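Asker: The structure that follows is given in the form of structure tokens.
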Amino acid sequence: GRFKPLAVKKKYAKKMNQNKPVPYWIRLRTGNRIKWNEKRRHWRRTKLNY
Amino acid sequence: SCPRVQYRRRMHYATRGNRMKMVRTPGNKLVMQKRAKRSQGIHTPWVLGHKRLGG
Amino acid sequence: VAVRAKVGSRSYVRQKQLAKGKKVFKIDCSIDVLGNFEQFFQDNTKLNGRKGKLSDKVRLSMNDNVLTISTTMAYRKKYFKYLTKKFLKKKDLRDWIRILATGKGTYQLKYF
Amino acid sequence: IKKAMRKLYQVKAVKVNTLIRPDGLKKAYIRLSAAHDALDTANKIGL
Amino acid sequence: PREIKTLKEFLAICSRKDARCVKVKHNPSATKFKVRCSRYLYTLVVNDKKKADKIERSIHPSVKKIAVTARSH
Amino acid sequence: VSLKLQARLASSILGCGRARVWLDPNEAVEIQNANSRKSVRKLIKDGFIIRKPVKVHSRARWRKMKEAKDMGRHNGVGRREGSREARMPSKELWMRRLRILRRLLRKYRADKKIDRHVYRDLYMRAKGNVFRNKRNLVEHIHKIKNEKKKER
RNA sequence: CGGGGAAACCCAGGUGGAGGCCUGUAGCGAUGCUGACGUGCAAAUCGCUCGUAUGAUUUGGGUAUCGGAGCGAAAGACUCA
RNA sequence: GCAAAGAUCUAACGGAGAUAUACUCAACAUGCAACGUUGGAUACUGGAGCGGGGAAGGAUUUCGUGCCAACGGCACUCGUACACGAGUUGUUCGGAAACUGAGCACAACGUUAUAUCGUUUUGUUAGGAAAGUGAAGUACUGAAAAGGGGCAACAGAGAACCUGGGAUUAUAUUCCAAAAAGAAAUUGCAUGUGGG
RNA sequence: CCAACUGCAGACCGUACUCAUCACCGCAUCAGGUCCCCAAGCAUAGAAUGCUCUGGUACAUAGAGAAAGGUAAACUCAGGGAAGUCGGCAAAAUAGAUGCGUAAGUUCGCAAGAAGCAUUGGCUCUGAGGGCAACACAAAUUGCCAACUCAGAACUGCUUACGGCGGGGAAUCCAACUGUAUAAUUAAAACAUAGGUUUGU
RNA sequence: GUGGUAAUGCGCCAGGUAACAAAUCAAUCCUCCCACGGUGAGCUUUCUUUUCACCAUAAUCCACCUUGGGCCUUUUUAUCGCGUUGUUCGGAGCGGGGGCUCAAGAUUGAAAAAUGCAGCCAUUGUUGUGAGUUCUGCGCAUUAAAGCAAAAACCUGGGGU
Ligand SMILES: [K+]
Ligand SMILES: [Mg+2]
Ligand SMILES: [Mg+2]
Ligand SMILES: [Mg+2]
Ligand SMILES: [Mg+2]
Ligand SMILES: [Mg+2]
Ligand SMILES: [Mg+2]
Ligand SMILES: [Mg+2]
Ligand SMILES: [Mg+2]
Ligand SMILES: [Mg+2]
Ligand SMILES: [Mg+2]
Ligand SMILES: [Mg+2]
Ligand SMILES: [Mg+2]
Ligand SMILES: [Mg+2]
Ligand SMILES: [Mg+2]
Ligand SMILES: [Mg+2]
Ligand SMILES: [Mg+2]
Ligand SMILES: [Mg+2]
Ligand SMILES: [Mg+2]
Ligand SMILES: [Mg+2]
Ligand SMILES: [Mg+2]
Ligand SMILES: [Mg+2]
Ligand SMILES: [Mg+2]
Ligand SMILES: [Mg+2]
Ligand SMILES: [Mg+2]
Ligand SMILES: [Mg+2]
Ligand SMILES: [Mg+2]
Ligand SMILES: [Mg+2]
Ligand SMILES: [Mg+2]
Ligand SMILES: [Mg+2]
Ligand SMILES: [Mg+2]
Ligand SMILES: [Mg+2]
Ligand SMILES: [Mg+2]
Ligand SMILES: [Mg+2]
Ligand code: NA
Ligand code: NA
Ligand code: NA
């Protein structure tokens with residue numbers, strides 16, 4: 001609901017900023033192994049519980 | 001049919017300090033407005049009778 | 001409420017009357033069929049719960065495409081709009097002609 | 001924020017409203033005193 | 001909002017250094033002079049047009065006079 | 001094409017449910033072009049979107065039945081489901097009767113038809129359930145006055 | 001408040017609204033069908049029927065007592081399947 | 001096996017999702033089934049609501065434009081899915097600043113080989129010297145006032161603001177600009193007008 | 001020094017959305033679980049139950065369609081009426097309101113809705129029950145007006161016809177009673193209870 | 001500081017507010033129904049002076065009739081009077097005549113038509129009665145071997161300054 005402390009809000013904001021796909025040019029680098037993020041999180045699959 | 005109202009001041013429990021009244025506005029809407037608490041008023045000492053003072 | 005009502009008394013319902021007054025209503029039909037209209041009102045304006053037989057209490061006149069009703073009894077202005085719609089229902093004009101109030105005591109015919 | 005507006009641009013702010021966004025940054029809505037034109041200030045800023 | 005009962009009091013208020021403007025409102029049978037001032041809006045009601053004209057004419061030129069109308073919708 | 005956005009905005013602007021918003025089925029191209037509340041307001045002004053009236057719920061049958069009931073129909077032995085006390089509370093009946101009797105006695109004492117002694121005598125009897133109605137009490141008062149006249 | 005009585009008291013009509021009182025919703029439970037289901041909607045649920053429903057009543061948040069210890073209107077019940 | 005919660009029908013528009021054919025053959029007997037939107041019809045929820053707002057819990061699921069590989073145990077042109085770009089505005093609303101409750105336990109003291117133990121609101125810490133101030137006379141300086149410091153209620157106490165808006169795609173008792181659409185209340189410090 | 005007027009200033013954090021037959025817990029968009037506020041019309045005693053305007057919904061895989069055998073918050077059944085079965089299990093059955101009437105037993109409170117008998121529709125009428133306005137005693141009367149309930153009469157009709165709503169009687173055993181209680185096979189005669197008694201101080 | 005016989009009106013220490021339960025009966029705001037009237041829409045083969053919708057007024061201020069409590073002064077009451085739906089009050093001052101106060105409404109205005117709504121540069125614009133509702137008032141007598149939190153902050157007085 002409405003209430004949360006600011007520190008909790010900032011932790012949730014960092015997770016929101018992290019939840020993104022790999023930019024395409026990263027796959028073109030010499031000797032690259034990254035294909036997908038593999039740390040993607042969906043709100044309805046795994047809980048953070050902050 | 002009829003109108004139904006909501007709380008507007010972020011406290012949704014009907015305690016003695018959160019009494020409401022229903023008022024119709026110039027825009028023809030029905031809204032809740034908070035009713036102030038009231039004091040019992042000035043009294044003589046409790047041991048002497050506890051009566052309300054004139055004037 | 002003070003006096004219990006009887007079924008048999010439903011044969012005579014009498015309108016209230018104007019104490020020291022006389023009301024006037026006018027319908028502006030300015031916009032061939034000026035007949036079949038005054039007489040339509042004459043034989044279809046209910047008075048004292050009885051159609052037709054308009055005595056001296058209600059009077060009509062059709063002047064310059066305008067129809068006036070002068071009465072000393074209490075009538076709602078809505079009643080003559082109701083009669084006008086009943087009239088326009090028969091001739092099948094309701095899709096073009098409409099009636100709108102234009103002032104106190106005054107109705108007017110208009111186009112859609 | 002009001003004092004910084006006065007220093008950085010020669011404008012006077014009559015009202016500052018603030019919020020903290022869900023991504024963590026702070027945003028300010030700043031109203032000028034109607035003796036300055038926000039459009040001209042925006043043009044000078046370059047936006 | 002406060003009422004003013006007298007022309008003398010209305011003049012004294014209209015001449016204060018904080019009277020921003022006076023809105024003149026015409027009603028079917030009365031005229032209302034409303035002075036914005038600083039904390040309160042002051043209203044003087046006149047029921048006579050012959051006096052209302054002299055009041056509308058006796059205005060200082062430091063204060064602005066505004067005719068109240070229904071503004072563009 | 002989908003006019004969901006226009007229907008939602010028109011519901012918000014006109015202040016009704018979606019069942020009362022009417023979108024013209026021949027002006028779909030025009031309605032497709034409105035993306036803001038301002039544009040939808042212009043559509044409403046031009047008449048491609050209108051508000052329908054509510055459905056009818058008529059009270060005519062109830063009014064006719066009420067006329068019959070006031071005349072005295074449909075309330076016999078076979079139509080009663082609640083108990084007599086639930087239909088007409090005896091405490092309410094007693095309160096009405098006693099208030100009537102006390103008001104009558106006050107009027108007579110103020111108008112000087114009876115004195116304080118007769119008032120005080122009848123007040124306690126009215127509390128004691130000696131008089132069944134206003135006419136009963138009035139007849140008792142008249143009997144008192146007649147006997148007093150003869151003896152005096 | 002009416003009637004009776006030497007007295008002590010007795011008979012009757014109202015008013016009033018008591019109770020771990022009665023019938024019955026919401027709530028809190030769980031009798032019978034030994035009904036459904038029994039690789040379930042569900043690692044205990046569903047339907048009808050049934051107990052109680054102003055009290056030793058039901059319920060939110062806070063707070064206090066645990067592992068040979070705690071808590072228990074006492075079933076070796078319950079202490080995160 | 002995908003059977004509780006009664007139920008859909010019709011036309012037009014949209015879409016690759018059709019009216020999709022070798023001879024022969026006018027059409028049936030050789031392209032079925034299924035979908036979104038608008039209008040119309042028919043029903044259901046039935047104010048202890050598949051209505052409108054909040055706490056706990058969740059944390060972008062919210063809004064717009066696209067897209068339809070996987071996922072939404074049938075389906076999809078649709079989605080709480082996927083991509084890109086956006087959105088939460090307060091002197092007065094809730095909290096804190098600033099109350100006390102059931103309670104907690106820092107200091108002090110005691111105990112223990114061991115503090116990671118005990119006491120700590122029945123007016124109240126500690127064998128216990130726990131007060132740092134106004135005022136008088138420019139900071140300074142030094143008389144009174146037993147019982148140390150703090151936490152614990154977003155439903156108890158406390159708490160100065162109301163309507164209108166043609167003002168959003170999405171926020172509003174928070175946004176609106178001098179005719180502030182406007183009308184108020186309240187706190188701090190300074191001017192001057194009257195009175196001490 | 002004291003209002004009041006006027007000038008200037010009024011800091012911090014929260015604020016999207018959800019709150020559930022899809023946003024929370026139950027491995028899931030699971031017929032389970034989860035605190036608070038607002039609450040319309042008619043029938044009716046009514047927050048029972050049935051239907052409806054406002055707001056909401058047509059989402060839960062569908063189509064064609066007379067097998068047997070199932071499940072049901074689905075029905076009937078001639079004659080008999082518990083013969084069935086461990087056992088009337090299940091089903092049937094009673095039923096609202098008003099008047100009359102009501103046994104043994106009893107801690108005098110009850111038992112009791114004991115048991116039982118009768119009436120009830122529709123239509124047209126009649127009566128009763130009120131308010132405030134105008135030392136001398138039938139203003140003991142004139143006018144105006146509301147809201148519903150109860151009682152009586154004439155005429156007329158039944159195919160006994162929505163929903164909702166106790167079956168009753170005579171006895172034995174146990175426990176005084178209301179309550180609690182083996183979450184997931186035991187709700188009892190078990191536990192508690194008021195009352196009685198004893199012990200330490 | 002100052003008026004009125006008075007109830008009471010105007011410019012360190014001691015009390016009070018915060019501060020607390022049931023039922024009954026009245027209840028205001030608000031909701032619903034009805035009567036009368038204005039505006040729009042529906043039905044119309046027939047019938048229907050008809051059926052449906054709408055007719056709005058926020059905080060904050062000015063001035064000053066009704067109900068319910070407490071009290072003052074004058075006339076002094078008694079087996080007797082006053083009063084509630086209800087379990088009661090009076091020489092420790094009942095009732096009547098005049099007043100003083102408090103609580104809750106009302107009625108004037110200001111705000112405020114300049115707003116809102118609905119037909120279409122113009123029209124409209126509402127006043128009465130029932131029923132239900134816990135604010136509030138009935139001041140602080142619900143079972144009771146049950147008797148119904150506290151503090152900050154604030155208010156008034158007694159004293160001296
Ligand atoms: K199969
Ligand atoms: Mg009784
Ligand atoms: Mg009971
Ligand atoms: Mg019961
Ligand atoms: Mg055992
Ligand atoms: Mg199937
Ligand atoms: Mg089904
Ligand atoms: Mg239905
Ligand atoms: Mg959380
Ligand atoms: Mg699928
Ligand atoms: Mg995503
Ligand atoms: Mg903020
Ligand atoms: Mg404590
Ligand atoms: Mg301490
Ligand atoms: Mg604290
Ligand atoms: Mg609070
Ligand atoms: Mg606040
Ligand atoms: Mg929103
Ligand atoms: Mg919000
Ligand atoms: Mg909810
Ligand atoms: Mg579920
Ligand atoms: Mg989950
Ligand atoms: Mg129900
Ligand atoms: Mg038989
Ligand atoms: Mg046998
Ligand atoms: Mg046998
Ligand atoms: Mg059985
Ligand atoms: Mg019987
Ligand atoms: Mg027992
Ligand atoms: Mg029992
Ligand atoms: Mg068990
Ligand atoms: Mg069992
Ligand atoms: Mg036992
Ligand atoms: Mg009460
Ligand atoms: Na079974
Ligand atoms: Na109901
Ligand atoms: Na048979």
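Ordering of the structure tokens sets the chain letters (A, B, ...), residue numbers begin anew at 1 in every chain, and ligands are numbered from 1 in the order given.
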Counting only C-alpha atoms (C1' of nucleotides) and all ligand atoms, name the residues that have an atom within 9 Å of an atom of ligand 11; the answer should be given as a PyMOL selection string.

Answerer: (chain A and resi 42-43) or (chain H and resi 61+81-83)

Asker: Please, which residues have at least one atom within 9 Å of an atom of ligand 27, using only C-alpha atoms (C1' of nucleotides) and all ligand atoms, listed as a ChimeraX atom specification?

Answerer: /G:32-33 /I:88-91

Asker: Applying 8 Å and only C-alpha atoms (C1' of nucleotides), which residues near range 70-74 of chain C remain after dropping the ones on its own chain fewer than 3 positions away? List them as a ChimeraX atom specification.

Answerer: /C:15-18,21-25,57-60

Asker: Save the residues we just selected, C-alpha atoms, as a compact mmCIF listing (two decimals), in the first residue's frame?

Answerer:
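Contents of result07.txt, freshly written:
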```txt
# COMPACT_ATOMS: atom_id res chain seq x y z
CA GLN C 15 -60.26 20.47 -11.20
CA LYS C 16 -59.27 23.36 -8.98
CA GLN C 17 -60.06 26.85 -10.22
CA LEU C 18 -58.25 30.18 -10.27
CA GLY C 21 -57.29 35.25 -12.09
CA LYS C 22 -57.29 33.80 -15.59
CA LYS C 23 -54.40 31.94 -17.20
CA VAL C 24 -53.47 32.01 -20.89
CA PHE C 25 -51.38 29.58 -22.94
CA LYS C 57 -64.61 27.77 -18.61
CA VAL C 58 -62.13 27.12 -21.46
CA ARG C 59 -61.92 29.19 -24.64
CA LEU C 60 -59.80 28.92 -27.80
```

Asker: Identify all chain F residues at most 8 Å from chain I by counting only C-alpha atoms (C1' of nucleotides); ligands do not count. Present them as a list in words.

Answerer: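 Here they are: residues 17, 54, 55, 56, 57, 62, 76, 77, 78, 79, 80, 81, 82, 83, 86, 87, 88 and 142 of chain F.
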
Asker: Could I get the residue neighbourhood of ligand 8 at 7 Å, counting only C-alpha atoms (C1' of nucleotides) and all ligand atoms, as a ChimeraX atom specification?

Answerer: /H:44-46 /I:51

Asker: Can those selected residues be exported to a file as a PDB file, in the first residue's frame so that it contains C-alpha atoms (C1' of nucleotides)?

Answerer:
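Heads up, here's the output in selection-v4.pdb:
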```pdb
ATOM      1  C1'   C H  44     -27.161 -12.577 -15.257  1.00  0.00           C
ATOM      2  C1'   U H  45     -24.911  -9.897 -10.607  1.00  0.00           C
ATOM      3  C1'   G H  46     -29.217  -7.954  -7.241  1.00  0.00           C
TER       4        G H  46
ATOM      5  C1'   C I  51     -37.696 -10.283  -8.641  1.00  0.00           C
TER       6        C I  51
END
```

Asker: Counting only C-alpha atoms (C1' of nucleotides), collect the residues of chain I whose closest atom lies at most 8 Å from chain B, and write them out as JSON, numbers by chain.

Answerer: {"I": [36, 37, 38, 39, 40, 53, 54]}

Asker: Restrict the selected residues to N, CA and C atoms (P, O5', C5', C4', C3', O3' and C1' of nucleotides) and save them as a PDB file, in the first residue's frame.

Answerer:
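And here's result_13.pdb as it stands now:
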```
ATOM      1  P     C I  36     -14.185  -6.482   9.704  1.00  0.00           P
ATOM      2  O5'   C I  36     -13.808  -4.974   9.378  1.00  0.00           O
ATOM      3  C5'   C I  36     -13.708  -3.994  10.399  1.00  0.00           C
ATOM      4  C4'   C I  36     -13.398  -2.627   9.841  1.00  0.00           C
ATOM      5  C3'   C I  36     -14.470  -1.980   8.985  1.00  0.00           C
ATOM      6  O3'   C I  36     -15.508  -1.384   9.731  1.00  0.00           O
ATOM      7  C1'   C I  36     -12.385  -1.759   7.917  1.00  0.00           C
ATOM      8  P     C I  37     -17.018  -1.455   9.213  1.00  0.00           P
ATOM      9  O5'   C I  37     -17.228  -0.155   8.325  1.00  0.00           O
ATOM     10  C5'   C I  37     -16.939   1.149   8.796  1.00  0.00           C
ATOM     11  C4'   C I  37     -16.948   2.150   7.668  1.00  0.00           C
ATOM     12  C3'   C I  37     -18.176   2.140   6.776  1.00  0.00           C
ATOM     13  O3'   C I  37     -19.251   2.871   7.331  1.00  0.00           O
ATOM     14  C1'   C I  37     -16.217   2.227   5.444  1.00  0.00           C
ATOM     15  P     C I  38     -20.768   2.454   7.049  1.00  0.00           P
ATOM     16  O5'   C I  38     -21.086   3.045   5.613  1.00  0.00           O
ATOM     17  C5'   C I  38     -21.077   4.438   5.354  1.00  0.00           C
ATOM     18  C4'   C I  38     -21.343   4.699   3.898  1.00  0.00           C
ATOM     19  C3'   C I  38     -22.527   3.952   3.305  1.00  0.00           C
ATOM     20  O3'   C I  38     -23.753   4.623   3.527  1.00  0.00           O
ATOM     21  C1'   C I  38     -20.646   3.728   1.889  1.00  0.00           C
ATOM     22  P     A I  39     -24.949   3.932   4.336  1.00  0.00           P
ATOM     23  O5'   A I  39     -25.699   3.049   3.258  1.00  0.00           O
ATOM     24  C5'   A I  39     -26.086   3.584   2.001  1.00  0.00           C
ATOM     25  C4'   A I  39     -26.480   2.494   1.042  1.00  0.00           C
ATOM     26  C3'   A I  39     -27.444   1.450   1.619  1.00  0.00           C
ATOM     27  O3'   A I  39     -28.497   1.135   0.708  1.00  0.00           O
ATOM     28  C1'   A I  39     -25.507   0.393   0.732  1.00  0.00           C
ATOM     29  P     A I  40     -29.976   0.809   1.262  1.00  0.00           P
ATOM     30  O5'   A I  40     -30.942   1.380   0.148  1.00  0.00           O
ATOM     31  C5'   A I  40     -30.952   2.756  -0.177  1.00  0.00           C
ATOM     32  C4'   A I  40     -31.534   2.974  -1.543  1.00  0.00           C
ATOM     33  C3'   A I  40     -32.874   2.314  -1.808  1.00  0.00           C
ATOM     34  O3'   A I  40     -33.970   3.035  -1.286  1.00  0.00           O
ATOM     35  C1'   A I  40     -31.424   1.846  -3.591  1.00  0.00           C
ATOM     36  P     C I  53     -33.483  -3.884 -14.338  1.00  0.00           P
ATOM     37  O5'   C I  53     -33.533  -2.391 -13.786  1.00  0.00           O
ATOM     38  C5'   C I  53     -33.987  -1.324 -14.602  1.00  0.00           C
ATOM     39  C4'   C I  53     -33.805   0.035 -13.965  1.00  0.00           C
ATOM     40  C3'   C I  53     -32.403   0.617 -13.927  1.00  0.00           C
ATOM     41  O3'   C I  53     -31.961   1.137 -15.171  1.00  0.00           O
ATOM     42  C1'   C I  53     -33.463   0.981 -11.854  1.00  0.00           C
ATOM     43  P     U I  54     -30.402   1.164 -15.568  1.00  0.00           P
ATOM     44  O5'   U I  54     -29.663   1.880 -14.352  1.00  0.00           O
ATOM     45  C5'   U I  54     -29.518   3.292 -14.291  1.00  0.00           C
ATOM     46  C4'   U I  54     -28.601   3.732 -13.173  1.00  0.00           C
ATOM     47  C3'   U I  54     -27.143   3.322 -13.290  1.00  0.00           C
ATOM     48  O3'   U I  54     -26.400   4.153 -14.159  1.00  0.00           O
ATOM     49  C1'   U I  54     -27.900   2.900 -11.096  1.00  0.00           C
TER      50        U I  54
END
```
